[PDB]
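File shown: work_5.csv. Contents: CSV, N, CA, C and O atoms.
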```csv
chain,number,residue,atom,x,y,z
A,1,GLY,N,65.7,-72.5,-43.8
A,1,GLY,CA,64.8,-72.9,-42.7
A,1,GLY,C,65.3,-74.0,-41.8
A,1,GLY,O,65.8,-75.0,-42.3
A,2,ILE,N,65.4,-73.6,-40.6
A,2,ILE,CA,65.9,-74.4,-39.5
A,2,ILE,C,67.4,-74.7,-39.6
A,2,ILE,O,68.2,-73.8,-39.3
A,3,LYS,N,67.8,-75.8,-40.2
A,3,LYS,CA,69.2,-76.1,-40.4
A,3,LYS,C,69.6,-75.8,-41.8
A,3,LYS,O,70.5,-74.9,-42.0
A,4,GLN,N,68.9,-76.4,-42.7
A,4,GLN,CA,69.3,-76.3,-44.1
A,4,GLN,C,68.2,-76.7,-45.0
A,4,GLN,O,68.3,-77.0,-46.2
A,5,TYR,N,67.0,-76.5,-44.5
A,5,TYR,CA,65.8,-77.0,-45.2
A,5,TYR,C,65.1,-75.8,-45.8
A,5,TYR,O,64.7,-74.9,-45.0
A,6,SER,N,64.8,-75.7,-47.0
A,6,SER,CA,64.1,-74.7,-47.5
A,6,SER,C,62.6,-75.1,-47.4
A,6,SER,O,62.3,-76.2,-47.1
A,7,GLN,N,61.7,-74.1,-47.7
A,7,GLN,CA,60.3,-74.3,-47.5
A,7,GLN,C,59.7,-75.5,-48.2
A,7,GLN,O,58.9,-76.3,-47.6
A,8,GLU,N,60.2,-75.8,-49.4
A,8,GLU,CA,59.7,-77.0,-50.2
A,8,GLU,C,60.0,-78.3,-49.5
A,8,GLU,O,59.2,-79.2,-49.4
A,9,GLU,N,61.2,-78.4,-48.9
A,9,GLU,CA,61.6,-79.6,-48.2
A,9,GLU,C,60.9,-79.7,-46.9
A,9,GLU,O,60.6,-80.8,-46.5
A,10,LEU,N,60.6,-78.6,-46.3
A,10,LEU,CA,59.8,-78.7,-45.1
A,10,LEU,C,58.4,-79.1,-45.3
A,10,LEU,O,57.9,-80.1,-44.7
A,11,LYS,N,57.7,-78.5,-46.2
A,11,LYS,CA,56.3,-78.8,-46.6
A,11,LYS,C,56.0,-80.2,-47.0
A,11,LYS,O,54.9,-80.7,-47.0
A,12,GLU,N,57.1,-80.9,-47.4
A,12,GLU,CA,56.9,-82.3,-47.9
A,12,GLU,C,57.1,-83.3,-46.7
A,12,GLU,O,56.7,-84.5,-46.9
A,13,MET,N,57.6,-82.8,-45.6
A,13,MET,CA,57.8,-83.7,-44.5
A,13,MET,C,56.7,-83.7,-43.6
A,13,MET,O,55.9,-82.8,-43.5
A,14,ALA,N,56.7,-84.8,-42.8
A,14,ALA,CA,55.7,-84.9,-41.7
A,14,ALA,C,56.0,-83.8,-40.7
A,14,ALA,O,57.1,-83.5,-40.5
A,15,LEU,N,54.9,-83.3,-40.1
A,15,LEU,CA,55.0,-82.2,-39.2
A,15,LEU,C,56.0,-82.6,-38.0
A,15,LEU,O,56.7,-81.7,-37.4
A,16,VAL,N,56.0,-83.9,-37.7
A,16,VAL,CA,56.9,-84.4,-36.6
A,16,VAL,C,58.4,-84.3,-37.1
A,16,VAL,O,59.2,-84.0,-36.3
A,17,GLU,N,58.7,-84.5,-38.4
A,17,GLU,CA,60.0,-84.4,-38.9
A,17,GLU,C,60.5,-83.0,-38.8
A,17,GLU,O,61.7,-82.7,-38.5
A,18,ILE,N,59.6,-82.0,-39.1
A,18,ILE,CA,59.9,-80.6,-39.0
A,18,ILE,C,60.2,-80.4,-37.5
A,18,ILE,O,61.2,-79.7,-37.1
A,19,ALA,N,59.3,-80.9,-36.7
A,19,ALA,CA,59.3,-80.7,-35.2
A,19,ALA,C,60.7,-81.1,-34.6
A,19,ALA,O,61.2,-80.5,-33.7
A,20,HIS,N,61.2,-82.2,-35.2
A,20,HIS,CA,62.5,-82.7,-34.7
A,20,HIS,C,63.6,-81.7,-35.0
A,20,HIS,O,64.4,-81.4,-34.2
A,21,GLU,N,63.6,-81.2,-36.2
A,21,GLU,CA,64.7,-80.3,-36.7
A,21,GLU,C,64.5,-78.9,-35.9
A,21,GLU,O,65.5,-78.4,-35.5
A,22,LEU,N,63.3,-78.5,-35.8
A,22,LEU,CA,63.0,-77.3,-35.1
A,22,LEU,C,63.5,-77.4,-33.6
A,22,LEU,O,64.0,-76.4,-33.1
A,23,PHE,N,63.3,-78.5,-33.1
A,23,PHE,CA,63.8,-78.7,-31.7
A,23,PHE,C,65.3,-78.9,-31.7
A,23,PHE,O,65.9,-78.6,-30.7
A,24,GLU,N,65.8,-79.5,-32.7
A,24,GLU,CA,67.3,-79.7,-32.8
A,24,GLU,C,68.0,-78.4,-33.0
A,24,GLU,O,69.2,-78.2,-32.6
A,25,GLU,N,67.3,-77.4,-33.6
A,25,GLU,CA,67.7,-76.1,-33.7
A,25,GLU,C,67.5,-75.3,-32.5
A,25,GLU,O,68.4,-74.6,-32.0
A,26,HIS,N,66.4,-75.5,-31.8
A,26,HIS,CA,66.1,-74.9,-30.6
A,26,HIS,C,66.9,-75.3,-29.4
A,26,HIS,O,67.6,-74.5,-28.7
A,27,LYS,N,66.9,-76.7,-29.1
A,27,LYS,CA,67.7,-77.2,-28.0
A,27,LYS,C,67.1,-76.7,-26.7
A,27,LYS,O,67.8,-76.7,-25.6
A,28,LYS,N,65.8,-76.4,-26.7
A,28,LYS,CA,65.1,-76.0,-25.5
A,28,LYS,C,63.7,-76.7,-25.6
A,28,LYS,O,63.3,-77.1,-26.7
A,29,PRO,N,62.9,-76.9,-24.5
A,29,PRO,CA,61.6,-77.4,-24.4
A,29,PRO,C,60.5,-76.4,-24.8
A,29,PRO,O,60.6,-75.3,-24.3
A,30,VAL,N,59.5,-76.8,-25.5
A,30,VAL,CA,58.4,-75.9,-25.9
A,30,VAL,C,57.0,-76.5,-25.6
A,30,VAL,O,56.8,-77.7,-25.8
A,31,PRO,N,56.1,-75.7,-25.0
A,31,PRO,CA,54.7,-76.1,-24.8
A,31,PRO,C,54.1,-76.4,-26.2
A,31,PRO,O,54.4,-75.8,-27.2
A,32,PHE,N,53.1,-77.3,-26.2
A,32,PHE,CA,52.4,-77.8,-27.4
A,32,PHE,C,51.9,-76.7,-28.3
A,32,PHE,O,52.2,-76.7,-29.5
A,33,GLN,N,51.1,-75.9,-27.7
A,33,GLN,CA,50.4,-74.8,-28.5
A,33,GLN,C,51.4,-73.8,-29.1
A,33,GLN,O,51.2,-73.2,-30.1
A,34,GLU,N,52.5,-73.6,-28.4
A,34,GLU,CA,53.5,-72.7,-28.8
A,34,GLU,C,54.4,-73.3,-29.9
A,34,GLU,O,54.7,-72.6,-30.9
A,35,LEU,N,54.7,-74.5,-29.7
A,35,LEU,CA,55.5,-75.3,-30.7
A,35,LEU,C,54.6,-75.3,-31.9
A,35,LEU,O,55.2,-75.1,-33.0
A,36,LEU,N,53.4,-75.6,-31.8
A,36,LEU,CA,52.4,-75.7,-32.9
A,36,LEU,C,52.4,-74.3,-33.6
A,36,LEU,O,52.3,-74.3,-34.9
A,37,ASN,N,52.4,-73.2,-32.9
A,37,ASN,CA,52.4,-71.9,-33.5
A,37,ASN,C,53.7,-71.6,-34.3
A,37,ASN,O,53.7,-70.9,-35.3
A,38,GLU,N,54.8,-72.2,-33.8
A,38,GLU,CA,56.0,-72.1,-34.6
A,38,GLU,C,56.0,-73.0,-35.8
A,38,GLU,O,56.4,-72.5,-36.9
A,39,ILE,N,55.4,-74.2,-35.7
A,39,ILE,CA,55.2,-75.0,-36.9
A,39,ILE,C,54.3,-74.3,-37.9
A,39,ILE,O,54.6,-74.3,-39.1
A,40,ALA,N,53.2,-73.7,-37.4
A,40,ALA,CA,52.3,-73.0,-38.2
A,40,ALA,C,53.0,-71.9,-39.0
A,40,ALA,O,52.7,-71.7,-40.2
A,41,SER,N,53.8,-71.2,-38.3
A,41,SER,CA,54.7,-70.1,-38.9
A,41,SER,C,55.7,-70.7,-39.9
A,41,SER,O,56.0,-70.0,-40.9
A,42,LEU,N,56.3,-71.8,-39.6
A,42,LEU,CA,57.2,-72.5,-40.5
A,42,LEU,C,56.5,-72.8,-41.8
A,42,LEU,O,57.1,-72.5,-42.9
A,43,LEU,N,55.3,-73.3,-41.8
A,43,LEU,CA,54.6,-73.7,-42.9
A,43,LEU,C,53.9,-72.5,-43.6
A,43,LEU,O,53.6,-72.5,-44.8
A,44,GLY,N,53.8,-71.3,-42.9
A,44,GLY,CA,53.2,-70.1,-43.4
A,44,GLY,C,51.7,-70.2,-43.4
A,44,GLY,O,51.1,-69.5,-44.2
A,45,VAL,N,51.2,-70.9,-42.4
A,45,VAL,CA,49.7,-71.1,-42.4
A,45,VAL,C,49.2,-70.7,-41.0
A,45,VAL,O,49.9,-70.5,-40.0
A,46,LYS,N,47.9,-70.7,-40.9
A,46,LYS,CA,47.1,-70.5,-39.7
A,46,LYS,C,46.9,-71.9,-39.1
A,46,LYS,O,46.6,-72.8,-39.9
A,47,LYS,N,47.1,-72.0,-37.8
A,47,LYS,CA,47.0,-73.3,-37.2
A,47,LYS,C,45.7,-74.0,-37.3
A,47,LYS,O,45.5,-75.2,-37.3
A,48,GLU,N,44.6,-73.1,-37.4
A,48,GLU,CA,43.3,-73.6,-37.6
A,48,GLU,C,43.0,-74.3,-38.9
A,48,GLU,O,42.1,-75.0,-39.1
A,49,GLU,N,43.9,-74.0,-39.9
A,49,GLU,CA,43.7,-74.5,-41.3
A,49,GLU,C,44.3,-75.9,-41.4
A,49,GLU,O,44.0,-76.6,-42.3
A,50,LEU,N,45.0,-76.2,-40.4
A,50,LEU,CA,45.6,-77.5,-40.3
A,50,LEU,C,44.6,-78.6,-40.0
A,50,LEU,O,44.9,-79.8,-40.4
A,51,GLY,N,43.4,-78.3,-39.6
A,51,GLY,CA,42.4,-79.2,-39.1
A,51,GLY,C,42.9,-80.6,-38.7
A,51,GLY,O,43.5,-80.8,-37.7
A,52,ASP,N,42.6,-81.6,-39.6
A,52,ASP,CA,43.1,-83.0,-39.5
A,52,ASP,C,44.6,-83.1,-39.1
A,52,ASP,O,44.9,-84.1,-38.4
A,53,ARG,N,45.4,-82.2,-39.5
A,53,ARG,CA,46.8,-82.3,-39.3
A,53,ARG,C,47.1,-82.0,-37.8
A,53,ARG,O,48.2,-82.4,-37.3
A,54,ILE,N,46.2,-81.4,-37.1
A,54,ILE,CA,46.3,-81.1,-35.7
A,54,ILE,C,46.2,-82.4,-34.9
A,54,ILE,O,47.1,-82.7,-34.1
A,55,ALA,N,45.2,-83.1,-35.1
A,55,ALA,CA,44.9,-84.3,-34.5
A,55,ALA,C,45.9,-85.4,-34.9
A,55,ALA,O,46.4,-86.2,-34.1
A,56,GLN,N,46.3,-85.3,-36.2
A,56,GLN,CA,47.3,-86.2,-36.7
A,56,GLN,C,48.6,-85.9,-36.0
A,56,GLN,O,49.3,-86.8,-35.5
A,57,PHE,N,49.1,-84.6,-36.0
A,57,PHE,CA,50.3,-84.2,-35.4
A,57,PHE,C,50.3,-84.7,-33.9
A,57,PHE,O,51.3,-85.3,-33.5
A,58,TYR,N,49.2,-84.4,-33.2
A,58,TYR,CA,49.1,-84.7,-31.8
A,58,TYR,C,49.3,-86.2,-31.6
A,58,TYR,O,50.1,-86.7,-30.8
A,59,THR,N,48.5,-87.0,-32.3
A,59,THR,CA,48.6,-88.4,-32.2
A,59,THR,C,50.0,-88.9,-32.6
A,59,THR,O,50.6,-89.7,-31.8
A,60,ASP,N,50.5,-88.4,-33.7
A,60,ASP,CA,51.8,-88.8,-34.2
A,60,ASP,C,52.9,-88.5,-33.2
A,60,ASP,O,53.6,-89.4,-32.7
A,61,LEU,N,52.9,-87.3,-32.7
A,61,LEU,CA,54.0,-86.8,-31.8
A,61,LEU,C,53.9,-87.4,-30.5
A,61,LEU,O,54.9,-87.7,-29.8
A,62,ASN,N,52.7,-87.6,-30.0
A,62,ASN,CA,52.5,-88.1,-28.6
A,62,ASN,C,52.8,-89.6,-28.5
A,62,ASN,O,52.9,-90.2,-27.4
A,63,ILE,N,52.9,-90.3,-29.6
A,63,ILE,CA,53.3,-91.7,-29.6
A,63,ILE,C,54.6,-91.9,-30.4
A,63,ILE,O,55.1,-93.0,-30.6
A,64,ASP,N,55.2,-90.8,-30.8
A,64,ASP,CA,56.5,-90.7,-31.5
A,64,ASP,C,57.7,-91.3,-30.8
A,64,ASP,O,57.7,-91.5,-29.6
A,65,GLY,N,58.6,-91.7,-31.6
A,65,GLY,CA,59.9,-92.3,-31.1
A,65,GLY,C,60.8,-91.2,-30.7
A,65,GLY,O,61.8,-91.4,-30.0
A,66,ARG,N,60.5,-90.0,-31.2
A,66,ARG,CA,61.2,-88.8,-30.8
A,66,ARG,C,60.4,-88.2,-29.7
A,66,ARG,O,59.3,-88.7,-29.4
A,67,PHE,N,60.8,-87.1,-29.2
A,67,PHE,CA,60.1,-86.2,-28.1
A,67,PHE,C,59.9,-86.9,-26.8
A,67,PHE,O,59.9,-88.1,-26.7
A,68,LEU,N,60.0,-86.1,-25.7
A,68,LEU,CA,59.6,-86.5,-24.4
A,68,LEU,C,59.0,-85.2,-23.7
A,68,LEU,O,59.5,-84.1,-23.8
A,69,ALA,N,57.8,-85.4,-23.1
A,69,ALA,CA,57.2,-84.3,-22.5
A,69,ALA,C,57.8,-84.1,-21.1
A,69,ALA,O,58.0,-85.1,-20.3
A,70,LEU,N,58.1,-82.9,-20.7
A,70,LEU,CA,58.8,-82.5,-19.5
A,70,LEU,C,57.8,-82.5,-18.3
A,70,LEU,O,57.7,-83.5,-17.6
A,71,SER,N,57.1,-81.4,-18.1
A,71,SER,CA,56.2,-81.3,-17.0
A,71,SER,C,54.8,-81.8,-17.5
A,71,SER,O,54.3,-82.9,-17.1
A,72,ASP,N,54.3,-81.2,-18.5
A,72,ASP,CA,53.0,-81.7,-19.1
A,72,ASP,C,52.8,-81.1,-20.5
A,72,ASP,O,52.8,-81.8,-21.5
A,73,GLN,N,52.6,-79.8,-20.5
A,73,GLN,CA,52.2,-79.1,-21.7
A,73,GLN,C,53.4,-79.0,-22.7
A,73,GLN,O,53.1,-79.1,-23.9
A,74,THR,N,54.6,-78.9,-22.2
A,74,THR,CA,55.8,-78.8,-22.9
A,74,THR,C,56.3,-80.1,-23.4
A,74,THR,O,56.1,-81.1,-22.7
A,75,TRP,N,57.0,-80.1,-24.5
A,75,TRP,CA,57.6,-81.2,-25.1
A,75,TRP,C,59.0,-80.8,-25.3
A,75,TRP,O,59.4,-79.6,-25.4
A,76,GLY,N,59.9,-81.8,-25.3
A,76,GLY,CA,61.2,-81.5,-25.5
A,76,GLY,C,61.8,-82.6,-26.3
A,76,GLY,O,61.3,-83.7,-26.4
A,77,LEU,N,62.8,-82.2,-27.1
A,77,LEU,CA,63.5,-83.2,-27.9
A,77,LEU,C,64.4,-84.1,-27.1
A,77,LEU,O,64.9,-83.7,-26.1
A,78,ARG,N,64.4,-85.4,-27.5
A,78,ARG,CA,65.1,-86.4,-26.7
A,78,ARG,C,66.6,-86.4,-26.8
A,78,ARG,O,67.3,-87.0,-26.0
A,79,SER,N,67.2,-85.6,-27.7
A,79,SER,CA,68.6,-85.6,-28.0
A,79,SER,C,69.5,-85.0,-26.9
A,79,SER,O,70.7,-85.1,-27.0
A,80,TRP,N,68.9,-84.6,-25.9
A,80,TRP,CA,69.6,-83.9,-24.8
A,80,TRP,C,70.0,-85.0,-23.8
A,80,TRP,O,70.5,-84.7,-22.7
A,81,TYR,N,69.7,-86.2,-24.1
A,81,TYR,CA,70.2,-87.4,-23.4
A,81,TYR,C,70.7,-88.4,-24.4
A,81,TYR,O,70.4,-88.3,-25.6
A,82,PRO,N,71.5,-89.4,-24.0
A,82,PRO,CA,72.0,-90.5,-24.8
A,82,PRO,C,71.0,-91.3,-25.6
A,82,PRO,O,69.9,-91.5,-25.1
A,83,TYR,N,71.4,-91.7,-26.9
A,83,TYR,CA,70.7,-92.6,-27.7
A,83,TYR,C,71.4,-92.8,-29.0
A,83,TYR,O,72.0,-93.8,-29.3
A,84,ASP,N,71.3,-91.8,-29.9
A,84,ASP,CA,72.0,-91.9,-31.1
A,84,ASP,C,72.5,-90.5,-31.6
A,84,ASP,O,73.1,-90.3,-32.7
A,85,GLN,N,72.4,-89.5,-30.7
A,85,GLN,CA,72.9,-88.2,-30.8
A,85,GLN,C,72.7,-87.4,-29.5
A,85,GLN,O,71.6,-87.4,-29.0
A,86,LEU,N,73.7,-87.0,-28.9
A,86,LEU,CA,73.7,-86.2,-27.7
A,86,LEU,C,73.8,-84.7,-28.1
A,86,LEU,O,74.9,-84.2,-28.3
A,87,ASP,N,72.7,-84.1,-28.5
A,87,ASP,CA,72.6,-82.6,-28.8
A,87,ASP,C,73.3,-82.3,-30.0
A,87,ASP,O,73.6,-81.1,-30.4
A,88,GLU,N,73.7,-83.3,-30.8
A,88,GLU,CA,74.4,-83.0,-32.0
A,88,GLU,C,73.6,-83.4,-33.2
A,88,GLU,O,72.9,-84.4,-33.2
A,89,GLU,N,73.7,-82.6,-34.2
A,89,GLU,CA,73.0,-82.7,-35.5
A,89,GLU,C,73.6,-83.7,-36.4
A,89,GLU,O,73.4,-83.7,-37.6
A,90,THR,N,74.3,-84.6,-35.7
A,90,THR,CA,75.0,-85.7,-36.4
A,90,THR,C,74.0,-86.7,-37.1
A,90,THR,O,74.4,-87.4,-38.1
A,91,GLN,N,72.8,-86.6,-36.8
A,91,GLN,CA,71.8,-87.5,-37.3
A,91,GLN,C,70.9,-86.8,-38.3
A,91,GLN,O,70.6,-87.3,-39.4
A,92,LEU,N,70.3,-85.6,-37.9
A,92,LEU,CA,69.4,-84.7,-38.8
A,92,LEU,C,68.2,-85.5,-39.2
A,92,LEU,O,68.1,-86.1,-40.2
A,93,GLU,N,67.2,-85.3,-38.3
A,93,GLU,CA,66.0,-86.2,-38.2
A,93,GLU,C,66.4,-87.6,-38.2
A,93,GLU,O,66.8,-88.2,-39.2
A,94,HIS,N,66.3,-88.2,-37.0
A,94,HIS,CA,66.8,-89.5,-36.9
A,94,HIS,C,65.8,-90.6,-37.4
A,94,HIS,O,64.9,-91.0,-36.7
A,95,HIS,N,65.9,-90.9,-38.7
A,95,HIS,CA,65.0,-92.0,-39.2
A,95,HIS,C,65.6,-93.3,-38.8
A,95,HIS,O,65.0,-94.3,-38.6
A,96,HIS,N,67.0,-93.2,-38.7
A,96,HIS,CA,67.8,-94.3,-38.1
A,96,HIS,C,67.4,-95.6,-38.9
A,96,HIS,O,66.7,-96.5,-38.4
A,97,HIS,N,67.9,-95.7,-40.2
A,97,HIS,CA,67.5,-96.8,-41.1
A,97,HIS,C,67.5,-98.2,-40.5
A,97,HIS,O,66.7,-99.0,-40.8
A,98,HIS,N,68.5,-98.5,-39.7
A,98,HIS,CA,68.6,-99.7,-39.0
A,98,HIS,C,69.4,-99.5,-37.8
A,98,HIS,O,68.9,-99.7,-36.7
A,99,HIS,N,70.6,-99.1,-38.0
A,99,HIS,CA,71.5,-98.7,-36.9
A,99,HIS,C,72.0,-97.3,-37.2
A,99,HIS,O,73.2,-97.2,-37.5
```

Written as structure tokens, how would this file's structure read?
Amino acid sequence: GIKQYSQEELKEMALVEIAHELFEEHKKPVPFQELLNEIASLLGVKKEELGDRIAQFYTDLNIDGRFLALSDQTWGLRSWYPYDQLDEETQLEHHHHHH
């Protein structure tokens, strides 16, 4: 799954951490609902069953240290500009422990 994560490793991570890797795999910008539909599919669930996790994901992602929204609906991964990885999987979910 995605780079090297099997389903159990994905299901244990925050939806935003999945979203980083999904985007690091994608390297393209995705609308919220469509990205969510891919997340839904990664987890093997219906997006409606996520209930609380929807609002959580939205709140988490929208104030996240990763992601940048392009026009409005779409979100894009930040790695396509300088910071600590320029489109390279050199980081693999950048928790960035200190430096």

What's the 12 Å shell around residue A:6, counting only C-alpha atoms, without same-chain residues fewer than 5 positions away, as a list in words?
->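 Counting only C-alpha atoms, the residues come to residues 1, 11, 12, 13, 18, 42 and 43 of chain A.
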
Could you state the separation of atom O of residue A:27 and atom C of residue A:91 in Å, given to one decimal place?
->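 Calculated distance between atom O of residue A:27 and atom C of residue A:91 is 16.5 Å.
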
Could you please determine the separation between atom CA of residue A:74 and atom CA of residue A:29 in Å, to one decimal place?
->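 Here the two named atoms are 6.2 Å from each other.
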
Could you please determine the separation between atom CA of residue A:3 and atom CA of residue A:15 in Å, to one decimal place?
->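 Result for atom CA of residue A:3 versus atom CA of residue A:15: 15.5 Å, one decimal.
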
Residue with smallest distance to residue A:7 - pool A:39, A:23, A:50, A:75, counting only C-alpha atoms | A:39

Name the residues of chain A that fall into helix (DSSP H, G or I) according to DSSP on the backbone, using the chain letters and numbers of this document, as a PyMOL selection string.
-> chain A and resi 7-11+15-26+32-43+47-50+52-62+78-80

Please provide as a VMD selection string all residues within 8 Å of residue A:16, with the sequence filter that same-chain residues fewer than 2 positions apart are discarded (counting only N, CA, C and O atoms).
-> chain A and resid 13 to 14 18 to 23 53 56 to 57 60 to 61 66 to 67 93

If you count all atoms listed in the file, which residues fall within 7 Å of residue A:32, apart from same-chain ones fewer than 4 positions away, as a ChimeraX atom specification?
-> /A:36-38,72-75

Which of chain A end up as strand (DSSP E) when DSSP is run on this backbone - answer as a short mmCIF file (atom, residue, chain, number, x, y, z; two decimals) with N, CA, C and O atoms, in the coordinates of the input?
```
data_model
loop_
_atom_site.label_atom_id
_atom_site.label_comp_id
_atom_site.auth_asym_id
_atom_site.auth_seq_id
_atom_site.Cartn_x
_atom_site.Cartn_y
_atom_site.Cartn_z
N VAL A 30 59.50 -76.80 -25.50
CA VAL A 30 58.40 -75.90 -25.90
C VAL A 30 57.00 -76.50 -25.60
O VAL A 30 56.80 -77.70 -25.80
N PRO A 31 56.10 -75.70 -25.00
CA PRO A 31 54.70 -76.10 -24.80
C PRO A 31 54.10 -76.40 -26.20
O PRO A 31 54.40 -75.80 -27.20
N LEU A 68 60.00 -86.10 -25.70
CA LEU A 68 59.60 -86.50 -24.40
C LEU A 68 59.00 -85.20 -23.70
O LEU A 68 59.50 -84.10 -23.80
N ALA A 69 57.80 -85.40 -23.10
CA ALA A 69 57.20 -84.30 -22.50
C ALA A 69 57.80 -84.10 -21.10
O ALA A 69 58.00 -85.10 -20.30
N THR A 74 54.60 -78.90 -22.20
CA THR A 74 55.80 -78.80 -22.90
C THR A 74 56.30 -80.10 -23.40
O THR A 74 56.10 -81.10 -22.70
N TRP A 75 57.00 -80.10 -24.50
CA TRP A 75 57.60 -81.20 -25.10
C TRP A 75 59.00 -80.80 -25.30
O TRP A 75 59.40 -79.60 -25.40
N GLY A 76 59.90 -81.80 -25.30
CA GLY A 76 61.20 -81.50 -25.50
C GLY A 76 61.80 -82.60 -26.30
O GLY A 76 61.30 -83.70 -26.40
#
```

Written coordinates, N, CA, C and O atoms of stretch 77-90 of chain A as a CSV table (one decimal), in the first residue's frame:
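Final output, decode23.csv:
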```
chain,number,residue,atom,x,y,z
A,77,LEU,N,0.2,18.2,-1.8
A,77,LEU,CA,1.3,18.0,-0.9
A,77,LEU,C,2.3,19.1,-1.0
A,77,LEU,O,2.6,19.6,-2.1
A,78,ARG,N,2.9,19.5,0.1
A,78,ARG,CA,3.9,20.6,0.1
A,78,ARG,C,5.2,20.2,-0.4
A,78,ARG,O,6.0,21.2,-0.7
A,79,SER,N,5.6,19.0,-0.7
A,79,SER,CA,6.9,18.6,-1.0
A,79,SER,C,7.3,19.0,-2.4
A,79,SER,O,8.5,18.7,-2.8
A,80,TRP,N,6.5,19.6,-3.2
A,80,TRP,CA,6.8,20.0,-4.5
A,80,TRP,C,7.5,21.4,-4.5
A,80,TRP,O,7.7,22.0,-5.6
A,81,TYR,N,7.8,21.9,-3.3
A,81,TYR,CA,8.5,23.1,-3.1
A,81,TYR,C,9.5,22.8,-2.0
A,81,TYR,O,9.4,21.8,-1.2
A,82,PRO,N,10.6,23.6,-1.8
A,82,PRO,CA,11.6,23.4,-0.7
A,82,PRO,C,11.1,23.4,0.7
A,82,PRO,O,10.1,24.1,1.0
A,83,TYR,N,11.7,22.6,1.5
A,83,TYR,CA,11.5,22.6,3.0
A,83,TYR,C,12.4,21.5,3.6
A,83,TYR,O,13.4,21.7,4.2
A,84,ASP,N,12.0,20.2,3.4
A,84,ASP,CA,12.9,19.1,3.9
A,84,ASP,C,12.8,17.9,3.0
A,84,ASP,O,13.4,16.9,3.3
A,85,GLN,N,12.2,18.1,1.8
A,85,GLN,CA,12.1,17.1,0.8
A,85,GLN,C,11.5,17.8,-0.5
A,85,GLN,O,10.4,18.3,-0.4
A,86,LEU,N,12.2,17.8,-1.5
A,86,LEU,CA,11.7,18.3,-2.8
A,86,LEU,C,11.3,17.2,-3.7
A,86,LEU,O,12.1,16.6,-4.3
A,87,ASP,N,10.0,16.7,-3.4
A,87,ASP,CA,9.4,15.6,-4.3
A,87,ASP,C,10.1,14.3,-4.1
A,87,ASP,O,9.9,13.3,-4.8
A,88,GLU,N,10.9,14.2,-3.1
A,88,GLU,CA,11.6,13.0,-2.8
A,88,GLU,C,11.1,12.4,-1.5
A,88,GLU,O,10.9,13.1,-0.5
A,89,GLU,N,11.0,11.1,-1.5
A,89,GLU,CA,10.5,10.2,-0.5
A,89,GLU,C,11.7,10.0,0.6
A,89,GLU,O,11.6,9.1,1.4
A,90,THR,N,12.6,10.9,0.6
A,90,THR,CA,13.7,10.9,1.5
A,90,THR,C,13.3,11.0,2.9
A,90,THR,O,14.0,10.6,3.9
```
